[PDB]
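Colleague: fold the following.
(chains A, B, C, D, E, F, G, H, I and J, ligands or ions: 12)
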Amino acid sequence: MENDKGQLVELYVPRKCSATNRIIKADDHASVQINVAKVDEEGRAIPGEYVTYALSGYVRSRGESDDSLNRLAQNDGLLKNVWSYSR
Amino acid sequence: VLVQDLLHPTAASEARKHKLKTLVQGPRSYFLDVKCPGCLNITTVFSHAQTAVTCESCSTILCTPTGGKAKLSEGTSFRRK
Amino acid sequence: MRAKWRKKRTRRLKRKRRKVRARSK
Amino acid sequence: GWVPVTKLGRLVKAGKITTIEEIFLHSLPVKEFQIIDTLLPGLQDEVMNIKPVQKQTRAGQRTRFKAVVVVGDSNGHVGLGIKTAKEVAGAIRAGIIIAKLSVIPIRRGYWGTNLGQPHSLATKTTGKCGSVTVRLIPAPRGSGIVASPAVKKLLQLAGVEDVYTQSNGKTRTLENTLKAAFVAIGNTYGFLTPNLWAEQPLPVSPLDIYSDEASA
Amino acid sequence: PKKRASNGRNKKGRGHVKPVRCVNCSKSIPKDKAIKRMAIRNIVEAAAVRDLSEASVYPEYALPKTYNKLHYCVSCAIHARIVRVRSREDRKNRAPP
Amino acid sequence: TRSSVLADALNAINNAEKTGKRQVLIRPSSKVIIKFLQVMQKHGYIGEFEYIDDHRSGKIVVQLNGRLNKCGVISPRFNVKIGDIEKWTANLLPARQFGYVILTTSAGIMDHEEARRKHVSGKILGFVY
Amino acid sequence: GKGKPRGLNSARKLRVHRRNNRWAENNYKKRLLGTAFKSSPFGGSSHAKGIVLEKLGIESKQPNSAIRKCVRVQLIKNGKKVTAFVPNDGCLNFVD
Amino acid sequence: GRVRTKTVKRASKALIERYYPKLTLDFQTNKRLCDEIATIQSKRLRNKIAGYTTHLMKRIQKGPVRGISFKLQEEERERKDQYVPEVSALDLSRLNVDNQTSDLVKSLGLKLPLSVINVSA
Amino acid sequence: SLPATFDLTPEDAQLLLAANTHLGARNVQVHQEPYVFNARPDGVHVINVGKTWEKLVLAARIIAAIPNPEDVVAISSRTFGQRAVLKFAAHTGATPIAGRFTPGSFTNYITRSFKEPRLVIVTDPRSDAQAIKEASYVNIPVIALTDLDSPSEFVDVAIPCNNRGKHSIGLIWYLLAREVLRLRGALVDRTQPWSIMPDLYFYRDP
RNA sequence: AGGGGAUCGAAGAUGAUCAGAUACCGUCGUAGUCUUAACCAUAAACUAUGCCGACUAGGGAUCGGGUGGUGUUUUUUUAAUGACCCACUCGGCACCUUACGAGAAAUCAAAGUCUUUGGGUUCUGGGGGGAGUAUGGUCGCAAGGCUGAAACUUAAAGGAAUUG
Ligand SMILES: [Mg+2]
Ligand SMILES: [Mg+2]
Ligand SMILES: [Mg+2]
Ligand SMILES: [Mg+2]
Ligand SMILES: [Mg+2]
Ligand SMILES: [Mg+2]
Ligand SMILES: [Mg+2]
Ligand SMILES: [Mg+2]
Ligand SMILES: [Mg+2]
Ligand SMILES: [Mg+2]
Ligand SMILES: [Mg+2]
Ligand SMILES: [Mg+2]
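Modeller: Residues are numbered from 1 along each chain as shown, chains lettered A, B, ... in the order given. Ligands and ions are numbered 1, 2, ... in the order given. Shown next is the structure:
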């Protein structure tokens, strides 16, 4: 947050899970952060460039991490018809 | 699954589900056009009879009641209406 | 003692107290 | 000398990590207590109580002492550690290493009209350990920490000045009461609030930018 | 505390089971709770077969068998080198040896 | 039997949001369910939702963003006086800066913040945060 | 429903249920039944006066081995005989 | 009993770990050589190590021994690790795809040589 | 996106089908596996190899995105994947773990076998649960080769394959190595066949 | 209160054991056990878990009904049925895994959606004894059932797990 005159307070604004919009707490050890590489016209990965996906430990514990990343990766252009909205 | 189109289920899934548990419930029965031998006298029967339906002119047999779908006669032509 | 036989002991006692009290009315 | 053996420990000596919130942001596990000492040198420790636990054996009872120690600077960080040892001094020393490894941030907020310097908790929070339930409610200015002396000074070391408290269960169990309060304060950052609804670019973990300073 | 989920027996939706008598001590025990064992043995022995063959007309007769269903109570089974006692985690296994 | 259809509507939303589901189906889609949902969506707590018109009562498919923490009904619907809203706001809202005690008044269904502006109170329906 | 009625017209059931259930409270039961007025040899009063009738050497319970030096007093206002303690070292000599 | 302790066993295994192209299957040579490559504070222990080394050498002569890796067997075991066939078991010898698999082939927009054989319950 | 040269080539579908990578498990099915395609008679479910390939490429992109090759860890306890992981670590940094896992290789920072990987690759989640369980303690992503009945808890992007057969297990390890090398640029030509024989990653019983 | 009364068998009689043994073991054996008409109204009558309603994780099996499949076998190779196999489904008795969650724990798919405390409703409890006792009612032929205290006394009784 912040006080009446700018001066942002509440240090450490935390991350939110990509698949659930849920805060990844500082003690969540099941949560992971996936980095997937990019390619430029040659099939060679560009070092230092990633599409980053953060998943909370709740979905990973429920077995829905794999499915949620299929939806997440398909709609970012780096995947294909493996995932379908209509189940 | 945590995400899915609950508004447009596939026709395969709606086919398997119970009639009351589809997106909008509807009957899975139908009506037939029975070709009784002899006179044309086309008769309409339900998929589930609950009664021994017989033709108006020659009322021998057209279908027999059953726990589920009605059983048509041995010699008979039919088309779903 | 067993709760079963404390139930039995008290019932016998209530028999007599229902009988000695009948000697007066 | 420290000579750590951990990827996170190597980054601390290299100086690539300067704020402990950078550890909190990426949920990096802490397995070496010198990381907390290097990042947070201003934390203070104190022991609530020492109690003897005894094991029945073929020849007499085996007495050991349980040490409950709370660490943390008075600005936004606390850690709670519990350890048993056959000596009281050894348990207290070992109960400080555990306490530092579990340092967590507290989300402070205002009871209203945010003039500045958050003086209370942002939201209602609760923590349950065993039968003990500890509830914390934001309080106006000057009301202090309305709590029992054991719970109060844990909140004093958290940087919270004004708060209300309600307790349940066998609160005379000091170990579970502090564990229930430690859960409640840690939950202040797990509660999503409308001012945190904004999206973020999901920054890259420091373990990738500084991979050259790893073990290999 | 509750030792077992079934609590001794196989009664879930029966109400009453109309018990049977123990074959060793005549104790009454509900049939589901009983420890039924089936005893199927040859008519003579594994040792008398050698002498009952040549001393028999109708060579290789049948070697017939005896069939008997035995019921034991909880006490009679434990005392007879049967289902005696297991550990807390071994108690949950229902597979025969 | 079904006593209140709003409780089943809100409990299904809570159970859906606990698992992380982006959507949930609500039956049988009363009016006050729509009015309650419209307030939640006005403040950005649910998002889009869809009404399915079967001929009996209707169904609702609600798209759920991850912003919602708890929606609940208050049963019975107590009569809330104008000065007692601060009491209800105090008991069952997380903080003084966010959260709405949705109550039904003669001027439609609206949260306590809008009720204060209009200076009108009524019966309490529920809460959202 | 977690037990108790919640209906907005269920005030009588809740009020009567609480009234019936308060009789399990020792203080509520003792106060309304008037046990202090009809028992507890005082008349519900803090102090009372009487006449010493005997000097008693009541022996303490276990684990404890001593003699307590109590007295037997008959209340003036009621006439009931009660036992009272004479607390201090050597104060039984003033209450002959 | 004649069960040998870890001191007899670990030392015997360590010698074999690095002295295979060395001391043979004979105890007399074994004990005359172990005291030259390793120092032991007592003769009784030095005899047990040489006796167990002789015993473990014989087990090596007939197949490998689990937990023992000397210079000669690790290079031989890795030498056969690159062995590859010439038939190319994944290469086509004629492929047989069932009816359901045949539906997969054309669905992906790919043409393959297929010999469909029906399979039924 | 992709330059559209990463699609399933006709020769790739030869190896997948000749190795029977498309033959999934029996009617026992997990709801977390929509990769099933047109269940065959006799109960066998045919896996959509088109989904296997695209998922396999996604796994390879993640492996090539890790700054250090040695921070990848390949774990296989099954006897059919013990050879495959070792040679996967022959052509890639990918520090391997073949055989037992030694519970405490990711926690217990003082242990001899301590490793700190940024990604873990496992063959069978069911038999490799100990590796998967500890990865949930130190914020480590996990890539698995999941059959149609394999568990999917704490498992990130997974490659649907046939873990029952030895031909399918080794082929996926062979494939994954080939694409990660291509993404890194070691294999200069995308259309090159990588003459290294696919039966290199294939277990031998003697 | 009639009928019936084989078997087993409160009581009782006996043999034995025992320091004693009016018990356990053995042999007899009355009431009872069985039935008809009428009472009794209890039980660890237990799932020690009130009823109605909604939602929340996976898996197989089974019972009843239904649907589909050129599916297998018997009639009349051949149809329909019947019995099996595969898929789905509604309802039931349960079962396996896990812990999102709950619990003091044992454990629990409900004993979950309960300090982020409210779907509807019924009943019961308020430290351990005295005590389910006294007394007064009411029901029963009786045995007894239901309702049900107080004086007094006490600092612990009690639940689940831990190590001996
Ligand atoms: Mg209390
Ligand atoms: Mg017991
Ligand atoms: Mg009303
Ligand atoms: Mg005492
Ligand atoms: Mg009763
Ligand atoms: Mg019963
Ligand atoms: Mg069923
Ligand atoms: Mg069925
Ligand atoms: Mg049933
Ligand atoms: Mg009380
Ligand atoms: Mg009481
Ligand atoms: Mg106990």
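Colleague: tell me the contacts of the closest residue to residue E:8 other than its chain neighbours?
Modeller: Take residue E:8 and drop its neighbours on the chain: the residue closest to it by CB to CB, 6 or more residues apart in numbering or on different chains is residue E:33, 5.0 Å away. C-beta: built from backbone N, CA, C; applies to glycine. Contacts for residue E:33 (CB atoms under 8 Å, 6 or more residues apart in numbering or on different chains) come out as E:8-11, E:17, E:74.
Colleague: please identify which helix or strand holds residue I:20.
Modeller: Using DSSP states H and E, residue I:20 maps to neither a helix nor a strand.
Colleague: how many neighbours does the residue of chain C found nearest chain G have?
Modeller: The minimum distance from chain C to chain G, using CB to the nearest CB, falls at residue C:3 (23.7 Å). For residue C:3, the neighbour count with other CB atoms under 10 Å in any protein chain shown is 7.
Colleague: just residue I:133 next, same as before
Modeller: Neighbourhood size, residue I:133 [other CB under 10 Å]: 14.
Colleague: who are the neighbours in contact with it?
Modeller: So, once contact is read as CB under 8 Å, 6+ apart, residue I:133 ends up touching residue I:154.
Colleague: what residues sit buried inside the host helix or strand of it?
Modeller: For residue I:133, the element it lies in under DSSP H and E is helix I:129-135. For helix I:129-135, the neighbour count (16 or more other CB atoms under 10 Å in any protein chain shown) marks I:129-132, I:134-135 as buried.
Colleague: on that earlier part again, tell me the SS of the residue nearest to residue E:8?
Modeller: Judged by DSSP: H, G, I helix; E, B strand; the rest coil, the three-state class of residue E:33 is coil.
Colleague: likewise residue D:47?
Modeller: Per three-state DSSP, residue D:47 ends up strand.
Colleague: who's it bridged to?
Modeller: residue D:69 (DSSP bridges).
Colleague: what about it, how many residues nearby?
Modeller: 15.
Colleague: how far away is it from residue D:67?
Modeller: Distance of residue D:47 to residue D:67, computed by CB to CB, to the nearest Å: 6 Å.
Colleague: and if you look at residue B:39?
Modeller: Distance of residue B:39 to residue D:67, given as CB to CB: 102 Å.
Colleague: comparing the two, which residue is more hemmed in?
Modeller: residue D:67 (25 against 10).
Colleague: how about the residues of chain I by chain D?
Modeller: Residues of chain I that fall close to chain D, judged by CB under 8 Å from any CB of the partner chain: I:67-68, I:70-71, I:107, I:109-110, I:114, I:116, I:118, I:137-139.
Colleague: quick check, nearest of the buried residues of helix I:129-135 to chain B?
Modeller: The closest of the buried residues of helix I:129-135, once distances to chain B are taken by CB to the nearest CB, is residue I:132, at 20.5 Å.
Colleague: tell me, what residue is most central in chain F?
Modeller: Centroid-nearest residue in chain F: residue F:36, 4.1 Å away (criterion: CA atoms, centre = their mean).
Colleague: next one: chain E
Modeller: Centrality entry for chain E: nearest residue to the mean C-alpha point is residue E:37, 1.5 Å, by CA atoms, centre = their mean.
Colleague: nearest residue to that residue in space, ignoring adjacent ones along the chain?
Modeller: In space, and not counting its chain neighbours, residue E:37 is closest to residue E:70: 5.0 Å by CB to CB, 6+ apart.
Colleague: for residue F:54, same thing?
Modeller: residue B:24 (4.6 Å).
Colleague: surely that neighbour and residue F:56 touch.
Modeller: No. If you go by CB atoms under 8 Å, residue B:24 and residue F:56 don't touch, sitting 9.3 Å apart.
Colleague: helix, strand or coil for the closest residue to chain A within chain G?
Modeller: Minimum separation of chain G from chain A (CB to the nearest CB) falls at residue G:2, amounting to 28.3 Å. Here residue G:2 takes the coil state, with states given by three-state DSSP.
Colleague: swap in residue F:60?
Modeller: Residue F:60 - assigned by three-state DSSP - is strand.
Colleague: dihedrals phi and psi, the residue in chain F that chain D sits nearest to?
Modeller: Closest residue of chain F to chain D, CB to the nearest CB: residue F:94 (4.4 Å). When read as degrees, to the nearest 10, the backbone of residue F:94 gives phi -60, psi -40.
Colleague: what residues of the helix or strand where residue H:10 lies count as buried?
Modeller: Assigned by DSSP H and E, residue H:10 belongs to helix H:6-18. If you call a residue buried by 16+ other CB under 10 Å, then helix H:6-18 has these buried ones: H:8, H:11-13, H:15-16.
Colleague: ok, back up a step: is the strand or helix carrying the residue nearest to the centre of chain F anywhere near RNA strand J?
Modeller: Following DSSP H and E, one finds residue F:36 within helix F:31-42. No. Judged by CB under 7 Å from any atom of the strand, helix F:31-42 makes no contact with RNA strand J; its nearest approach is 12.5 Å.
Colleague: who's in contact with the closest residue to residue A:22 other than its chain neighbours?
Modeller: Counting by CB to CB, 6+ apart, the nearest residue to residue A:22 once its immediate chain neighbours are dropped is residue A:56, at 5.0 Å. For residue A:56, the contact set (CB under 8 Å, 6+ apart) comprises A:17, A:19-20, A:22, A:24, A:28, A:30-31.
Colleague: relative to its centre, which residue of chain C is most distant?
Modeller: Most distant residue from the mean C-alpha position of chain C: residue C:25, 18.2 Å away (CA atoms, centre = their mean).
Colleague: is that one in a helix, a strand, or coil?
Modeller: coil.
Colleague: what residues does chain D have near chain A?
Modeller: Going by CB under 8 Å from any CB, the residues of chain D near chain A are D:21, D:23-27, D:29, D:76, D:104-105, D:107-110, D:113-118, D:122, D:186, D:189-192, D:195-196, D:199-200, D:202, D:204-205, D:208.
Colleague: so which of the residues you listed belong to strands?
Modeller: The members of the residues of chain D next to chain A that map onto strands under DSSP state E are D:104-105, D:108-109.
Colleague: for chain E, what spans make up the helices?
Modeller: Ranges of helices within chain E are E:49-54, E:74-78, based on DSSP state H.
Colleague: need the winner for burial among these.
Modeller: helix E:74-78 (a mean of 16; mean count of other CB atoms under 10 Å in any protein chain shown).
Colleague: and the gap between the residue of chain I at minimum distance from chain D and residue A:36?
Modeller: Relative to chain D, the nearest point of chain I is residue I:67 (4.0 Å; CB to the nearest CB). Per CB to CB, residue I:67 is found 14 Å from residue A:36.
Colleague: now the helix ranked longest in chain F - C-alpha only, CSV.
Modeller: Ordering each helix of chain F by length in residues (DSSP H) puts helix F:5-19 first. Taking C-alpha atoms only, helix F:5-19 is exported to CSV below (Å, rounded to 0.1, in the frame of the first residue of the first chain):
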residue,chain,number,x,y,z
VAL,F,5,-31.4,-20.3,-3.0
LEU,F,6,-28.9,-17.5,-2.3
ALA,F,7,-27.0,-19.6,0.3
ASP,F,8,-26.5,-22.4,-2.2
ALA,F,9,-25.5,-19.8,-4.8
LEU,F,10,-22.9,-18.3,-2.5
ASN,F,11,-21.7,-21.5,-1.0
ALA,F,12,-21.1,-22.9,-4.5
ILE,F,13,-19.1,-19.8,-5.4
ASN,F,14,-17.0,-20.1,-2.2
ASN,F,15,-16.3,-23.8,-2.9
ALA,F,16,-15.4,-23.0,-6.5
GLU,F,17,-13.0,-20.2,-5.5
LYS,F,18,-11.3,-22.3,-2.8
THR,F,19,-10.2,-24.9,-5.4
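Colleague: counting contacts, what elements does the helix or strand just after that helix pack onto?
Modeller: Toward the C-terminus, helix F:5-19 is succeeded by strand F:23-26 as the next helix or strand (DSSP H and E). Counting contacts by 3 or more CB pairs under 8 Å, 6 or more residues apart in numbering or on different chains; DSSP states H and E, strand F:23-26 packs against helix F:5-19, strand F:59-63.
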